[PDB]
Every structure is written in C-alpha cells, then in structure tokens.
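Using ideal geometry, Cβ is built from the backbone for each residue, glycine included, and neighbour counts are taken over all protein chains shown. Every number in this text was worked out from the coordinates using simple rules, so none of it is lab data.
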Amino acid sequence: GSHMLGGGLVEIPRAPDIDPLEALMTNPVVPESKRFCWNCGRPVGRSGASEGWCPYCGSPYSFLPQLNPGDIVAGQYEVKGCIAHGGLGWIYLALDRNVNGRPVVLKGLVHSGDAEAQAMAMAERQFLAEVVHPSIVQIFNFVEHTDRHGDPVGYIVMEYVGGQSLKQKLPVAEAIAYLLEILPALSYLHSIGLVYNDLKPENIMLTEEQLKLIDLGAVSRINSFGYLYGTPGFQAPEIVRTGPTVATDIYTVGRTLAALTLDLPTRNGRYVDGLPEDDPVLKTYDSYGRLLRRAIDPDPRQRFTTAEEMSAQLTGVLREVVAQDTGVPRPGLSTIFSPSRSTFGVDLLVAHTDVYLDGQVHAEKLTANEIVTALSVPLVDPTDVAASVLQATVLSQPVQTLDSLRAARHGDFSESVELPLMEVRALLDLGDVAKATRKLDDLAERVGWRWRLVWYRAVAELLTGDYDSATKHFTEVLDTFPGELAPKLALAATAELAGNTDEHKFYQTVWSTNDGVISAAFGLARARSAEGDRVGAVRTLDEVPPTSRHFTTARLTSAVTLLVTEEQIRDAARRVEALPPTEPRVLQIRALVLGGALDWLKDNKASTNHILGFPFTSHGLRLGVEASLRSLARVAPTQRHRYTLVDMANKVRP
Ligand SMILES: NC(=O)c1c(NC(=O)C2CC2)sc2c1CCCC2
Ligand SMILES: [Cl-]
C-alpha cells in the first residue's frame, strides 16, 4: 500500500524497512570531506586527524566509533556495529539480552564530560522514558560504559527504526505532508511542557508504517535553563534570551520546511538565516512562502501560537499547493473564517446586455457593498463572554442583530470583544461605515488592533474607497493565516475595485483550490478577458458546477465574453442553445449571438449550416436577429423601448 499523507492529498509508496543486519556499516568511517566541528560547524581534522580538538573553538571531536563490534555495554547490550553518524557521533546497533536479543540503538549523551557531567546528563534525561507517542522513538534505558581511558561514558538506548531519514530537494506537497504528520507529536510534547528543540530533516524518518521523530536527545522543559540544544541554521535566534518555548519549536518547523524544499545558501555547513530573496519555489507557491516567513519570524510573538494552529494553516497551504499542481480543487472548511456568505460580481458582465430588454443604461460596476455582504467573516472565539448570545443571533439580519445585541448589552458583557465586533460586522453590512469605525477605534483603544479588528478595518476601508489601506490590512491578515482563502478573495476584490492588475493572482488561487467559490470564477474570468485571453475566461467559466444556480449565468457570460473565429461563434451559440426561453437573459443573449454571427458574415464564410436554429446565411441570421428583436419587443417593459426594438427589427429584416 501507499502512505496516505496530508489527509490523502499526498500518496507516498511504502518501502519495507531496513533490517538490522543490512543497516550495519562494514567500514564506518567519516571521510575527510565530511569532517566538521559539531559545535562551530567549521572544517576540522583536515590534511589530517580523526580525533583532536577544534583549533577554532576548542571543542573535542572524534570521528572514531567508541563502541566496537563484539563489545557488551552494561552487561546487557551486545554491540554489532554502526548504522549511522551525526553530531554526537556514531549510532550503534546492539542486541538486547534482557528482551530476547531485540535490536536496540545506542547513542552518546554528551560530547565530553567528567564522570559527574556524564551521570548528570543521564539523571536529567531519565524523564524521557515516560515520553510516549506513536510518532516518537521509544527510549528503553540509560546506560554507563567505562571506556579505554577508564572513564564512564553515558549512552541512551532506543528502539531501532529502520526507516529513511528526510535528509536533493523534495517537492513542496511532499514536504508539507511529512511535517503535517509530526506536528501532532510536537503538540503532544508541548501539552506536557516539553520542547523538541532539534527538529531537522536528519531527525525525521519515514518508516513503512509512519513518520517518526527519532532523536529525543535535545528534548527539554519550556523556559528551562542550562545547556540549550539544537543546531545553528535551524534553531531560533532568541533561544538564549527566552529559553526553549513553543515559539522556538515553531521556528524549527519553518526552517525544516525551507531546508527540505529550497536552495538555501550555506556559510560553514550552516544554512543562513531568512529565505533566499527571489526563490522560484516561493514564486510558484505564494501562500507557502508566507507560511514559512511567519513560522521563522525573528520575533517569537509573530509566529504561529501553537503547533495545532500552524497545522491548520499548513493544511490549507497544502490544499493550495496540490490543487495548483494537479489541476483538481481541494476544498476544505476553514477553522478561522466562515464560508462565503454570498457571491459578488456574478452578473456584472451579462447585466450590461439587459439594455436589449429595457433600454436602460446598464453600466454595472463591481461595488464594495456587494463584496462586503458576501465576504467570509471571522469565527467567534467560543471563550468570549458573549459567545452564547452571538450563536443565538446567527440567523438574524443586520438590524435585528444590532437590536438584540444592544438590548442584551443594556441588561455582564462589559469585557466582551466579540459582541462589539459583531456590531461592527452588522453596521458594515448596512453601510454605516462611520458608526462602524468609531466602534472599532474605541474597541482598539481597549484591546489593541487584534487581527479581527484589522479584518473589519480593511472591510471598512473598502466601503470608504481607501483601497491602499484595505490591501495593507487584508494582507496583514493573510500573512497571519496564509492557508486561508477568505483573505485572498478579499484582496482579489480590492485589486479590482482599485483598478489594479493582481500580480498575486488571488482569484486564480482561490478558484483553483475551491470550485465552490463562484465569485472567484467570475473574478478570474474578468481578469483573463481584460488581457485578451477570452479563451481562458471561458475555460474558467466552464468549471462552474452545474449544481449552482449561477451555472446558467456563467454559460451566458461565456457567450458574452466570446464576442474572432467561426468556431468561437459556434462556442458562443452552443452555450446559449441548451437554455430554454424560460430562463432570464436567454432571449437577449440569443439576439446578441445571432447579431455577432451576422456581423461576422460580412467578412467571412460559414462551413456550418446553422446558428441557434437559423440558417447560417445572411438571410437566416437577419431572420434570426429580427425574430429575436420582435420577441424582445413583446416583453419590453416600456412602449418607448417597444418602438426601439420594432424599428431595429424592421431594419435588420431580410
Ligand atoms: N533509532 C534509530 O534507529 C536511529 C537510526 N536508524 C537508522 O539509521 C536506520 C538504519 C537506517 S539513525 C538515528 C537513530 C536514533 C538517533 C538519531 C540517529
Ligand atoms: Cl559497561
């Protein structure tokens, strides 16, 4: 079978797992090329010695196995050899005498230390044998071995995991999938007051069954003091100031993701900080880049607050990534925002054609008010005091909402942030932007500009026509939740109001990911039409699901955007053809299509025998146009417009 990762968005073929015997290295040696100081990262023992001290920092190093095949540690562990190497030295395979010679793994605890440092390292880590999780290697024992120098050396005894480490660059979907699998391990550690500290490709292993974290050597308590473990290039800059935190583990996830996916520059053996400036991976996957930047923010307060919170955003990002590279949408229900409450801009394009019916000016433009009422809203925090009354209010229109909340307010909700935020939502839905902003600004003076306040500020700035600030503030929210589609839709709609070309292609990203977001289909189509791609716009509009009440509109919209070859005129006719005279706007678009095909025959010849039921001759099209106009004349809501259509009918008449 295959690993079903990312909730089945990423399938990875299972490989059987390396048997102890096959894992053993014949001649364990670190080649000169690969000799580096574990402490400062610099080249060490080069021509060229296998053991010595680093000339740069003074740290002792050894590239020689400390246990040899044949050895017996603590009268219990029968050593067979080395299966791997890292910063703390060789990794040893032993057979466990006290459990039928089960294979176990031994690794050193410290790099150097007197007998006390050695015992202390063991004593301080003994608690790890109570850290239990399915995605975490098991610790079996702590063991002391007297070496050649007569010195006690401490070892940790672990489960053998014969998988494949994640350590030349993974596709981003794959890497996200892997990290999604171990984040629950990190959440688990956090819930018990532990930090993993040393997350990196090396420490994550794909086995036949699962993903495992295979090294617990750096695990410590939150805010702990003493030696802080981790690896420069992956570990949080502030770790000496703050000590280990959830925040510091979040940093290592971002770093780990970057390391697995990007061409990160190195100085020493170490990855340099931040992200490469114009990386092609980050260009193709916009939200993946934003996710990375939040996770690795130099300010720990600006990173994801929890591993679970990060996991939700990373899932959203994965959906965006997979949808883009497969061409198949991956819808999901947000943990942050509501689903869209409505659609906007669906009948802009076809409302223009309404002139055929009524004779009225129809120059419909996308409006802030239509967008505002359609936008997703932030989910209410259930720990807020008003959460019960707000859940009761959920089906209430804007004015009824305001009334219920103000009544509820007048008789303890003094401290509530969500009650006022709901009043703002409602006032904005009604157009009372001035009242809303007063209310927001007051609230921001009590609790500051928390992200929900910034969201509703951006919305207000939409109604105000201050599109630059709206973009700025929606972006802040996006960068806080890069895996959410709500903020991307809001930014695509703002760009439209502002008359900017959206260089981030938010409509496309939104629609690619979730073909339930019909606003995005029409938005995306309008952008493709704008740059001469009438083919892509129709392509986009074709993806509108037939289950939607907007399907017919999307079909008629295609006809309209198509009007230039004969095959395009046929495409346009084909979309109109299927729809009954019952459906609103059909008659006028029929007229428009036959009209287009008439103007076409002035400069072209048909190799088809009909458009819309009429002969594809000048005579047939004129007859078709005529008949369409006379039919529109009979439903024209004014006698003045009736005369207009009749006149046009007489004129076009063959
Ligand atoms: N526990 C393991 O099996 C293990 C490893 N196992 C392997 O390398 C299996 C042979 C392919 S490497 C490693 C460990 C634990 C500490 C960190 C380094
Ligand atoms: Cl021993």
Where in segment 555-573 does the label zone of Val635 land, with the point 7 angstrom along Cα→C-beta and an amide N cut-off under 19 Å? 555-560, 573
State whether segment 545-654 is rounded, prolate or oblate according to the following rule on the C-alpha gyration tensor (a ≥ b ≥ c being the square roots of its eigenvalues): a/c under 1.5 gives rounded; otherwise a/b larger than b/c gives prolate, and the remaining case gives oblate. oblate
Dividing the mean separation of Cα pairs under 8 Å (6+ apart) by the residue count of segment 174-281 yields a relative contact order in percent of 26
With N set to the residue count of segment 107-156, report its C-alpha Rg divided by 2.2 N^0.38 Å to two decimal places. 1.23
How large is ³J(HN,Hα) for each residue in segment 507-520, as worked out from phi by the Karplus curve 6.51 cos²θ - 1.76 cosθ + 1.60 (θ = phi - 60°), to whole Hz, x for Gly and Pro? 3, 5, 5, 4, 5, 3, 8, 8, 6, x, 8, 5, 3, 5
Long-range amide H partners of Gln164, meaning residues 5 or more apart or on another chain whose placed amide H is closer than 5 Å, are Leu206, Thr207
What ³J(HN,Hα) values, in whole Hz, does the Karplus curve 6.51 cos²θ - 1.76 cosθ + 1.60 give for segment 90-98 when θ = phi - 60°, with x put for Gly and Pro? 6, 9, 10, 8, 10, 9, 7, 5, 8
List every residue whose amide H lies under 5 Å from the amide H of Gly81, counting only residues 5 or more places away in sequence or on a different chain, with H placed 1.01 Å from N in the peptide plane. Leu93
In segment 190-261, which GluC sites (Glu not before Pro) are in a loop and have at most 14 other Cβ atoms within 10 Å, using DSSP for the loop call? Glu208, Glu209
Over segment 304-407, calculate the relative contact order: mean separation of alpha carbon pairs under 8 Å at least 6 apart, over the residue count, as a percent. 22
Under unit Cβ charges (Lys, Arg +1; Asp, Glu -1), what dipole magnitude, rounded to 20 debye, does the chain have relative to its Cα centre? 2040
Shape of segment 18-163 from its Cα gyration tensor (a ≥ b ≥ c, root eigenvalues): rounded if a/c is under 1.5, otherwise prolate when a/b > b/c, or oblate? prolate
Ranked by how many other beta carbons lie within 10 Å on average, peptides 18-25, 89-96, 404-411, 134-141 from highest: 89-96, 134-141, 18-25, 404-411
Going toward the positive end of the dipole of the chain, with +1 on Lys and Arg Cβ and -1 on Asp and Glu Cβ, which of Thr242, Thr261, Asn100 do you reach last? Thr261
Neighbours of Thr552 by Cβ distance under 10 Å: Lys/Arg at +1, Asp/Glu at -1, summed charge +3
Checking the a/c ratio against 1.5 first, then a/b against b/c, what shape does the Cα gyration tensor give for the chain? prolate
Lone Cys, the chain, Cβ cut-off 4.7 Å -> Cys82
Quickly estimate the mean residue ellipticity at 222 nm for the chain, helices only: each DSSP H run with n ≥ 4 gives -39500 (n - 2.57), and the total goes over all residues, rounded to 500. -13500 deg cm²/dmol
Anchor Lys212: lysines whose Cα lies under 22 Å away (excluding residues fewer than 8 positions away in-chain): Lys107, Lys167, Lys169, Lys200
